[PDB]
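Shown next are two forms of a single protein chain, provided one at a time as structure tokens under the names structure 1 and structure 2.
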Structure 1
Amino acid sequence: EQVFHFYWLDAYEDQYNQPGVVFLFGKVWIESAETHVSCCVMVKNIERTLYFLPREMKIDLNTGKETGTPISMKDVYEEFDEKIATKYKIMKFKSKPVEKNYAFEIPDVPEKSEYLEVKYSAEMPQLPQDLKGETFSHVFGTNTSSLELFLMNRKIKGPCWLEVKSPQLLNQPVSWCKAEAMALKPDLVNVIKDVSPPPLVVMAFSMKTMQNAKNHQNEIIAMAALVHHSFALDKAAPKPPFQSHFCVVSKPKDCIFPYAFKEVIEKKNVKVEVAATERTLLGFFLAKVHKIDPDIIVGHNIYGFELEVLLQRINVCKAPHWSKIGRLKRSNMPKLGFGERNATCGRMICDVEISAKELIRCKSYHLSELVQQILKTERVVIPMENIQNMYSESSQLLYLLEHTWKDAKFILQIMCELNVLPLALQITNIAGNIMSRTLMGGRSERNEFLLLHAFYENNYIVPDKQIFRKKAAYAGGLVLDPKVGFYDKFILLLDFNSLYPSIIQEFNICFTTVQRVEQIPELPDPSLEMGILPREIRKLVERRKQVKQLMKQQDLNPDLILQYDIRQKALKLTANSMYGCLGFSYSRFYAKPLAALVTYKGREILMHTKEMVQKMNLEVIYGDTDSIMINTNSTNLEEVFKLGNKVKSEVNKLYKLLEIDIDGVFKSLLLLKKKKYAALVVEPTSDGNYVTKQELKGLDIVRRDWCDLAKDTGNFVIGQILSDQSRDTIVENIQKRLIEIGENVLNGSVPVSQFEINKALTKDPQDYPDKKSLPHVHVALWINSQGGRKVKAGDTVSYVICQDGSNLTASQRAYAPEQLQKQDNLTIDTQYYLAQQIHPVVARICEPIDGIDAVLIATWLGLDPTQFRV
């Protein structure tokens, strides 16, 4: 023959200009150049694929009644061949009778049956999804994407090595990739598995933008990028993260580079190119883009701002070869990340903002916040006003560029820190979806691609793509009534391991085993074998076991362990995510009856577990969906854990796969209400001993809509409660401090910082009808209608309550911090805070404590108690 190997990373298509074709960009070894180069493979002839559902008896449309002659594959074949094919302009077409299974929303479809498969060019017309005929009642695949068909049929599951049999060269190059080939047909393409993945060429960039003096615009005057041509994903980030780097700067228009700048750059030997203009930077950049030809281009908030502005600034400055951004040669340049992903199609865009939004939690996900919390370092924020100045002296521009060179070094280390790539890879290789799509976030799609591959492989007719917070549509998890109170004696936290994924298998809940048509469907007959969905979850559970069982190995490749830990986490998020999409109204595999059955059993399973743990003379004090809080009443740790391993074993004993576990043990517990509670957690260390760490749940103290001053104050009180000290020593400590907090708010010693209450706007400040009494929206209209920047939906506004001298309600007395200090009439509303922030949280924390209460707390805070109740 003649075959070649290529590792793909991104797949693209243009169902409108080139139906039937799918472009795949990846990497290829060039033995002569001892290195992987980019590579584009063109796959032609991916034919539509439709299934026609035969009727029991033939029908006649002009009457809408039966005829009497049964149907056969010959019948249908003919009707299409004769009326259908001919009428919709179908020239060539091949068919064949096949047998397919189905288990979905479309009633009047047999679980199994014989369809007439039909394949014809993607170029020919595409039929009406609702078509019907003399011989057939329905027809699927009528709109199946070319990239779907290809991926499903070839059993491709995310990045992996492919074999292209009988490749063709191309005279006219269509991409910007070093290598290019063409595949004559979908089946010349074959997945291979015994091959390690190839390193990647990753480029980390950052940019600076300046608004112009006269005309309104966003001119990019600088750009930094770090580069690694060997950034592996089947192993640990590299040390260093980059191998080479480049800088570029340009004067906006009406400014000159300080003098001696050229010679100060030559002086300190920095790889920085001084660009004479905006176009000269854009063109210098695309030039580099194209030469380093990075598979993965990383940045900060890319699909939101940074990218939109890079492409529009190439449209304005009429830059040379815009697509050199992406990997495909193209002519027109779209605009608004759809229009954007496409501009970079063939290349993967890692956005450290959205990735983190997915791997951890923070108050705000903007770089500075992220660098700090993740790298444990401070990041200098340089305003756009200080910029024009910087250009006055050679030292300042050199700093604004050493600054942009840093961001690109936080982003590549932020990325490098969370293993966002080696993780993304696997989440994909597990669901078989598309990696670039993964890094773009979204669980729902990844689910779909996992069930499709599942259902194809198992000869199922998959549901056609549908071309188009809410009120709960069915019962969910169970919450046990909490036995409010403070606990001194040890508490046992027993919590089920993957309660939903397990429940799905344990009871064989699957599209293919549960009978359905609001009611809770009946569990499948234990006779049936494992449906597909369960069998899927099982592979996950099994492969995961295999890994956590490899981690126990000795004299093993050290770094491997970091890896095994990633796959394992992936093997879990996956599984636990399966449940969700089952209940999502827009998920291709909507199936409400199942999602219901799954939580129906969970409720049941959690109830019994409680009834049991009680028939065991142990008091259950709280339970949330699948967890159990037990009061051991023992102060003897060793004794707890045994009581622990005991309950476990008595429970596990009840299921084939379900398994509960000692999730943990609390030194003391403050249980306020459902979903709200504090706790000292037990973290054993060197045997015979342990150390304690405080864990808060649902407390106002955790939320964002409260001022520090209160959260702090609240925090301390919780701290003293779970504390060791006596009850009287605590009540005292609490009184002592509150008192002090009051007085310190009255003598304005409390940094206005604290009072600063924060909130976010779900709509733009102008979108509100009853705006006036909403302090966060009202303070925003000020800002928006006062200075430059403008607050819009999704943003948080900082305000504080003051004394207007307008006897208006507190709500209507919200001023930006800035405005409180810069004006003299505005004074902080000590009265508000002491009674609308501090006394409402501390009060609730103490509700169960004897010795502290509403009325007492007020008097302490220096408020008028008489106005309060117990």
Structure 2
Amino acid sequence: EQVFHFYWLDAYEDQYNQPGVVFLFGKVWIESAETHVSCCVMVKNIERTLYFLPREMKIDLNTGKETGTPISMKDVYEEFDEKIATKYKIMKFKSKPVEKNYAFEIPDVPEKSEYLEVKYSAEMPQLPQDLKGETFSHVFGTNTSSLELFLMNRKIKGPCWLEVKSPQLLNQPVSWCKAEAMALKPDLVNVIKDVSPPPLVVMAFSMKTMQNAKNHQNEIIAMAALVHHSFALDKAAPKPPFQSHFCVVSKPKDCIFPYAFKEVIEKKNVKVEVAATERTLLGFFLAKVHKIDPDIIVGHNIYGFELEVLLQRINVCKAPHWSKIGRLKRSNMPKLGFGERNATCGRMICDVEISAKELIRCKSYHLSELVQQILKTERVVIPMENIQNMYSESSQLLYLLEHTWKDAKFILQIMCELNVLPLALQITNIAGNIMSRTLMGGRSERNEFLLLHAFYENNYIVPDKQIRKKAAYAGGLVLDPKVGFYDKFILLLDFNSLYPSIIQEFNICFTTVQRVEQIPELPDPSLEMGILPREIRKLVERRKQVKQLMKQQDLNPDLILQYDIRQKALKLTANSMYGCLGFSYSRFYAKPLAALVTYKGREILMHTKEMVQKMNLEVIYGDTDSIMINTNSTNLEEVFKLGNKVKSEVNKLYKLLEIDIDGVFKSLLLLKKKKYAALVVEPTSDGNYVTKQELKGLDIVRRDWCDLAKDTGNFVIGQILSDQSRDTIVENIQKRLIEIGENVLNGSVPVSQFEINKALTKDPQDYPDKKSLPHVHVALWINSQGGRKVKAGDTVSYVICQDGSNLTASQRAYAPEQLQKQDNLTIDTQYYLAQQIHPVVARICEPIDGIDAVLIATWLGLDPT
């Protein structure tokens, strides 16, 4: 024969222009060059695969009555061959009887049955989905895409090594890869698992734009990029994260570069290419992408801005070879990240903004905010305006260029810090989907792929693809809290992986629960574990392993964070598997199952509450799978004993479900359901312990209150949870608030602390009642005013100012720059004292005797009425 090895990373199909064809992109080892290069493998002749369900008794389609003659596969075969194939224009086909299982939402389909599997060219006509015949009542798989068929049939689960038997040459190159090959049929491709993965080429970049003087245009004037040619995903990121890099700077049109600039560059020796026109800059960038040939391109806000601006400018400046930004040679450039994801076809796009949203929580996911929270460094901002003045002098243009470079580096460092790529790979090998899709975010597509593989594997027919809202069923139970402050130790117990465990513990599955608002019945405990509990179980085991690793002897603070993020990622994946059951647009939608899981959960929480109470214990709170207890004790060692005691008593009732000691608090300020503060006990040696403050749901943790209000609220909390007597505390609180009130009025407070942040659920243009929505109003300004544009999902920062226009506070929202720059605008001190600080402190002091709302108003110098 003849065979070659290929490590695939990305896949792509064009069902309209090239049905039955799948393009694979990956790596190949080239011995003569001792390096891996890119390769494109075009897989052809992927055939549609349909399953015809035979009727019990034959039917006549002209009368619509049975005939008395039963059915046999020969009957079905003949009908397809004689009437169906001929009527629908299917020249060739192959078929065979098979036995498949079914367990989904189409009524009148038996659990197990024999089917006539038919296969034919994807180039031939697609049969109607609701097609029926004389011998068959239903047909499955009429609309399955080639990519799905390929991945499922070949059992490909994320990036891996493949052997391609009998490769063919192509008359003409179809990609921008170094190597190419073609497979005439899918069965020539096989997964192999005994070859270590190859390292990848990773490219991180950033760009700068500039609004042009006259015409309205965002011109790209600088780009920076860092590259690593051997970035391994099965180990710690390389240090340093890049081996090379390059920069390119261009002039708008009317401007002229500072002189000696060239020399200044040769002098300081920076790998900077000074382009004369934007078109040149773009042509150069694309040439660099083609030559470097990255498997992964990383940026910040790529999908929302950068990528669209790049393609548009490439089109406007008529830059040469736009398709080099991807790995597939194309001609027509698509626009609007669909058209985008396609534009980079073959190259995975990692957007740290998107990845950060999935892995951690921030007040905003803008680059400065991320560099601060994750890299713990400050990032300078260069406003589009100041840009122009920079071209005037050499050092300025040079500074701007170094700045762009710094952003490319920040982006890359954030990617490594969050360990984004290894995580995305792990999730892709688990779900068996496509890595570039994993990186775009979303839990549903992954869960669908995970289930598709599992059901194909177990020989099941799967549903065909089909073509915040109000709750549609009951969820978790939240206990009514016993609001107040607590001095004695509090015990918090929480069940491990509750829902995933409930699914296993009661064997809930598409295959074991009868259904069709009514809660189904638990299946007979004799039945064998179903696909769902097994798959769910595997996600829980993986999570336990990672938690075991964290438990280990003295580890790095950086690594510990990575393990914690990963552990939560696996938690979210298992919970998303439960959630998709209740996702109306899910391919495996099964609401009764979702409702049964939540039902058992509330039941279990109620029983655990009543049980702790029978032990004569005080249950002051509980959320879905937790129980909070006031031990009233001051003896830590005793509390822990009591904890393990209740734990043991509870776990005694279940086969798999296990409750644990989530934590112990030294002091607790419980305000309302899902809202509390506390000093958390952290044992050291000899029953000794340190203590750490922890907030849950308070206004202090939200993004939509200013720092001034939030820092002040945190001060109060720190004082309340304190050792100090109630008296000393109340005094300190007053002492501090009176002070804050003065500082706000005398103008001692940094303008940044007045900023309020809110994310837009929709694009600012899609709001009818706009004007009175401060964040939507500042976004409409920002947008219509300059370069970048805010869209659904972005958070907007703003401040309330004195306009001198007597409109409501909500109608006097302005951008920070807009305030600092404009003179008629000034901070509305009254608004901040009464609508920000007062509301926050009042809710926090609500249960504290001695403080009161009226009082808090007088400290702030507000008229109590």
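Residue numbering: sequential along structure 1, first residue numbered 1. Rigid core here is just the name for the largest C-alpha set that superposes within 1.5 Å across the two forms.
In a core superposition between structures 1 and 2, the Cα of 728 is the only one among 525, 254, 263, 728 shifting by 2 Å or more.
With the core superposed, residue 775 shows a C-alpha displacement of at least 2 Å between structures 1 and 2. Core-superposed comparison between structures 1 and 2: the C-alpha position of residue 43 differs by less than 2 Å.
For residue 785, a C-alpha deviation of 2 angstroms or more is recorded between structures 1 and 2 after rigid-core alignment. Relative to the superposed core, residue 561 moves its CA by 9.1 Å between structures 1 and 2.
Superposing the two forms on their core, we find that the Cα atom of residue 710 is displaced by 3.4 Å between structures 1 and 2. Taking the core as the reference frame, the CA atom of residue 230 shifts 0.9 angstrom between structures 1 and 2.
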